[PDB]
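Chains as they are written, first to last, in our numbering: chain A, 8 to 56; chain B, 25 to 470; chain C, 734 to 827; chain D, 11 to 60. By construction, the Cβ of each residue, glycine as well, lies at the ideal position given by its N, Cα and C atoms. Comments concern the structure below.
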Amino acid sequence: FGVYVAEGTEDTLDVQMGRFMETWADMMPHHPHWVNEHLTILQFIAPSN
Amino acid sequence: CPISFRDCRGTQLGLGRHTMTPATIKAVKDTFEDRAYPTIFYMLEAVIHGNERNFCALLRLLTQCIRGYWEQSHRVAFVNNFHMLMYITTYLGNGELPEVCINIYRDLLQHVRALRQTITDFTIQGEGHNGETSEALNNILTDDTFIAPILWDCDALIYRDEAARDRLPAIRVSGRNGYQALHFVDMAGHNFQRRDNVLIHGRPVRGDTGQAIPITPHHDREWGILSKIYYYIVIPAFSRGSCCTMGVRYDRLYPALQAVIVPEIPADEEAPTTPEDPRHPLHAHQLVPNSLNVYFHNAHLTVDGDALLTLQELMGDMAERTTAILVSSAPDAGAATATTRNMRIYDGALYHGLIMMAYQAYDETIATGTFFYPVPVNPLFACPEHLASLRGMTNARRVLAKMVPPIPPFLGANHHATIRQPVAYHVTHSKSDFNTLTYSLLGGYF
Amino acid sequence: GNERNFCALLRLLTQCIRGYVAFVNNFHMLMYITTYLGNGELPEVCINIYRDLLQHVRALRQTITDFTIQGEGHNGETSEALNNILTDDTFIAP
Amino acid sequence: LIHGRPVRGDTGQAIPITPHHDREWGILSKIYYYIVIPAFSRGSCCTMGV
Numbered sequence: 008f009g010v011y012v013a014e015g016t017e018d019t020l021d022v023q024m025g026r027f028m029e030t031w032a033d034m035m036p037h038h039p040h041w042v043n044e045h046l047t048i049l050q051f052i053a054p055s056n
Numbered sequence: 025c026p027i028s029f030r031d032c033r034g035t036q037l038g039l040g041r042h043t044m045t046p047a048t049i050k051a052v053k054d055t056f057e058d059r060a061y062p063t064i065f066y067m068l069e070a071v072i073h074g075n076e077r078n079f080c081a082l083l084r085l086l087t088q089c090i091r092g093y094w095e096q097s098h099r100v101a102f103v104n105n106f107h108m109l110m111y112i113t114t115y116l117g118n119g120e121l122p123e124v125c126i127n128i129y130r131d132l133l134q135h136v137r138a139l140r141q142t143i144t145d146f147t148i149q150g151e152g153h154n155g156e157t158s159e160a161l162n163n164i165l166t167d168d169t170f171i172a173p174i175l176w177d178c179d180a181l182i183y184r185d186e187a188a189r190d191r192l193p194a195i196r197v198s199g200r201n202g203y204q205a206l207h208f209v210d211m212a213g214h215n216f217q218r219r220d221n222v223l224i225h226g227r228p229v230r231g232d233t234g235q236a237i238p239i240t241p242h243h244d245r246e247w248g249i250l251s252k253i254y255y256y257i258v259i260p261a262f263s264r265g266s267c268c269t270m271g272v273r274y275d276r277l278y279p280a281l282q283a284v285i286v287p288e289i290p291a292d293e294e295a296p297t298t299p300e301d302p303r304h305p306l307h308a309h310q311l312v313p314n315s316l317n318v319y320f321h322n323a324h325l326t327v328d329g330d331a332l333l334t335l336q337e338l339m340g341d342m343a344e345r346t347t348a349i350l351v352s353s354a355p356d357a358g359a360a361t362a363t364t365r366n367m368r369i370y371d372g373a374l375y376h377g378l379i380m381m382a383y384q385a386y387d388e389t390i391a392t393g394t395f396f397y398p399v400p401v402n403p404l405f406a407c408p409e410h411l412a413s414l415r416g417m418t419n420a421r422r423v424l425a426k427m428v429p430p431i432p433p434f435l436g437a438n439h440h441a442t443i444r445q446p447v448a449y450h451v452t453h454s455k456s457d458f459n460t461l462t463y464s465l466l467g468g469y470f
Numbered sequence: 734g735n736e737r738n739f740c741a742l743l744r745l746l747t748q749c750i751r752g753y754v755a756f757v758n759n760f761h762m763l764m765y766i767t768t769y770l771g772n773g774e775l776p777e778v779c780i781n782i783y784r785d786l787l788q789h790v791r792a793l794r795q796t797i798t799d800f801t802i803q804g805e806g807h808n809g810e811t812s813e814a815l816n817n818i819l820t821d822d823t824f825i826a827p
Numbered sequence: 011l012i013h014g015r016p017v018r019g020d021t022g023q024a025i026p027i028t029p030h031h032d033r034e035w036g037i038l039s040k041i042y043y044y045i046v047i048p049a050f051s052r053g054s055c056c057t058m059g060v
């Protein structure tokens, strides 16, 4: 979701974003890595991350 | 990069520089977290789509509207747009408006100007390479390569594709490259369902339209700089990421705009002003379902017949349809090396898009998704709440959207874009002040 | 608490509240008021009061939001409601 | 029970019952009821029937 870039599909962006919406429903197989920015320094530098 | 660090460094940056008065800041608050912002203001903003001619054509209605809107809650309006408030300042400065609103606008605009001056100060002048100015080489807000989230006339694109000249540029507009930018579109050539890659540049006030005349930018170079700084600072400075950007549907919008119930006033009689007279446009005897008059009366705004007639001149020029623009570039010579040429950057933006303050979904007056479709492209402008306007809105999409900002890949992946998630986190989660936050963000943008 | 019933009383509800803050008792009418009776037809101070109250409520909702991490659900049940009852649909208003 | 007539919808008799609001309705209502109201009453208010 955060690395792929597509091109315009010659539409009114209504169908485009809607289709992208259901596509994004199952496109997420796990927790994205770039979501836990609320973490502080400690657990961040912890070897678990 | 701790949030406290960002606040402190901004505080140092905003040491001796200007700040807004409490009146202005509380006014801009009362505006932004007011969910009851009447949508007709968005309507008129979309239809004028930032044409100086359009603004100059609607003096009376605009001044009366902003008046009645302010002397009812002391709330300012139109704040989101870049190309109207300064139009007000340029034109609506004779003294007809209440001094408070114009003073608010003046304060905020000169504050933006002082932010620009700050960016000028903390860089050194006279250091150019490969045709790039030092101002652009230090900050990103001054580089014409980077663009604003919202563009309404192609002049910014003209500056961008005249500026880099070494960064390999690539522009995608609904697939196929390149634009055509045909201006001053009329009724006879509306074609709301037009799929081509033409752009609506507008009608220059001082010039000749023609057909083979090459396009001419409507404004100067630093107009875009002010646009970019305003968008990327003050709106995040106050919305705290609550607002969102989206597109419109002129095919259904424009037809709703013709409902005018102005009465044929008898000749040589004084025009009614108070709404209590049936002859007045706002009066109930002149109130008919499915009309613009009831749209105004929902906001409880008093307007005059001539102002409503002015729309017949307003429909001289149309706005075609919102679109997505993708611009790619290489890093400038400041970071240009043999291994980073392919290592490029991409960004997506809305042409003829619009930003609304706070998502609302609980009004019977207007059904959901009647005029606007939520299309945000920014980690900053993530609007998980606004997504309820989207058709076919489900529960899974909404619950998963709270933890990820949905940006379509054709509008730009976060990693390859300029604004990343952490700065959005900072602007959304730093609760210290507003002037300090403005300065902190501004200092970030180096 | 039905908006169809509410949207038919505009006039009378306006005069009553103007003459009289009131009607702060239950949720199913205050935010309807701020939703429709919210364009300055009433004296602006009451609108400010109601707006401040509702923004306070949604602010507390933000508070309960940010004090838990997102993306951990089980048995087809959302992450955030695994923090508090007030966020869990299994619970009911009195 | 009585569901209250929907505003934007169709009446029916066999037509299935439908919610009048979204999910945030419940959480916002709950927060309003259990926090600000008691903090303002300190147990002086009461709930009764008609």
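Item                                                                                                                                                                                        : Value
Let's see if you can read the secondary structure: which residues bound the alpha helix (DSSP H) around D/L38?                                                                              : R33 to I41
Give the straight-line distance between the Cα atoms of C/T747 and B/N322, rounded to the nearest whole angstrom.                                                                           : 14 Å
My understanding is that B/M270 touches B/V103, with C-beta atoms under 8 Å, so please give their C-beta distance in whole angstroms.                                                       : Contact flag wrong, Cβ pair sits at about 17 Å.
Just to make sure I have the definition right: I need the residues of chain C whose C-beta is within less than 8 Å of the C-beta of B/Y203. Which are they?                                 : The contacting residues do not exist; B/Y203 stays about 40 Å from chain C at best.
I want to see whether chain A comes within less than 7 Å of C/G804, judged by CB atoms only; does it?                                                                                       : yes
Would you call B/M367 buried or exposed, if buried means 16 or more other Cβ atoms sit within 10 Å of its Cβ?                                                                               : exposed
How many whole angstroms separate the CB atoms of C/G773 and B/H324, which I take to be in contact at a CB cut-off of 8 Å?                                                                  : 6 Å
Going by beta carbon distance, what residues of the same chain come within less than 8 Å of B/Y115, once the five residues before and after it are set aside?                               : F79, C80 and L83
In terms of residues, what are the limits of the beta strand (DSSP E) holding B/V351?                                                                                                       : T347 to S353
Taking contact to mean 3 or more Cβ pairs, one atom from each stretch, closer than 8 Å, check whether the segment 799-808 of chain C and the segment 773-786 of chain C are in contact.     : no
Between B/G74 and the rest of its own chain, which residues show a CB-CB distance below 8 Å, the 5 nearest in sequence each way excluded?                                                   : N105, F106, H107, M108, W176, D177 and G226
Would you mind reading off the limits of the beta strand (DSSP E) that contains A/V12?                                                                                                      : Per DSSP, A/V12 belongs to no beta strand (DSSP E) and is neither H nor E.
Mind pulling the chain D residues with CB within less than 8 Å of C/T820?                                                                                                                   : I37
Verify the CB distance criterion: does B/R196 have a CB-CB separation below 7 Å to chain A?                                                                                                 : yes
Helix, strand or coil for A/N56 per DSSP?                                                                                                                                                   : coil
Would you say the segment 289-309 of chain B touches the segment 39-55 of chain B, given that touching needs at least three Cβ pairs under 8 Å?                                             : no
Measure the C-alpha to C-alpha separation of B/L411 and B/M417 and round it to an integer number of angstroms.                                                                              : 8 Å
Using only the alpha-carbon positions, how far apart do A/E14 and B/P62 sit?                                                                                                                : 35 Å
Buried or exposed: B/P429, going by 16 or more other Cβ atoms within 10 Å of its Cβ?                                                                                                        : buried
Assuming B/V284 and B/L316 form a contact by the criterion Cβ under 8 Å, report the distance between their Cβ atoms to the nearest whole angstrom.                                          : 6 Å
Using 7 Å as the threshold, is the C-beta distance between B/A437 and A/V22 below it?                                                                                                       : no
Closer than 8 Å by C-beta to B/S198: which residues in its own chain qualify, once you throw out the five before and the five after it? Chain order, please.                                : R219, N221, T347 and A348
Identify, in the order they occur along the chain, each residue of the same chain with its Cβ nearer than 8 Å to the Cβ of B/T394, setting aside the five sequence neighbours on each side. : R276
What residues in its chain sit with their C-beta under 7 Å from that of B/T240, if we drop five residues either side in the sequence?                                                       : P228 and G231
Could you please give me the residues that DSSP links to B/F396 through a beta bridge?                                                                                                      : B/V272
Indicate whether at least one CB of chain C lies closer than 7 Å to the CB of residue 66 of chain A.                                                                                        : Lying outside 8 to 56, the shown extent of chain A, residue 66 of chain A is not represented and no answer is given.
Looking only at DSSP bridge pairs, what is B/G372 linked to?                                                                                                                                : B/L350
Using a C-beta to C-beta distance shorter than 8 Å, which residues of chain C count as neighbours of B/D387?                                                                                : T768 and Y769
Enumerate in chain order the residues of its own chain whose CB-to-CB distance from B/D54 is below 6 Å, with the five nearest sequence positions on each side excluded.                     : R99
When you compare only the Cα positions, how much space is there between B/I224 and B/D179?                                                                                                  : 11 Å
Quick test of the definition: if touching needs 3 or more C-beta pairs under 8 Å, does the segment 133-147 of chain B touch the segment 35-44 of chain B?                                   : yes
Run through chain D and tell me which residues come within less than 9 Å of B/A391, C-beta to C-beta.                                                                                       : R18
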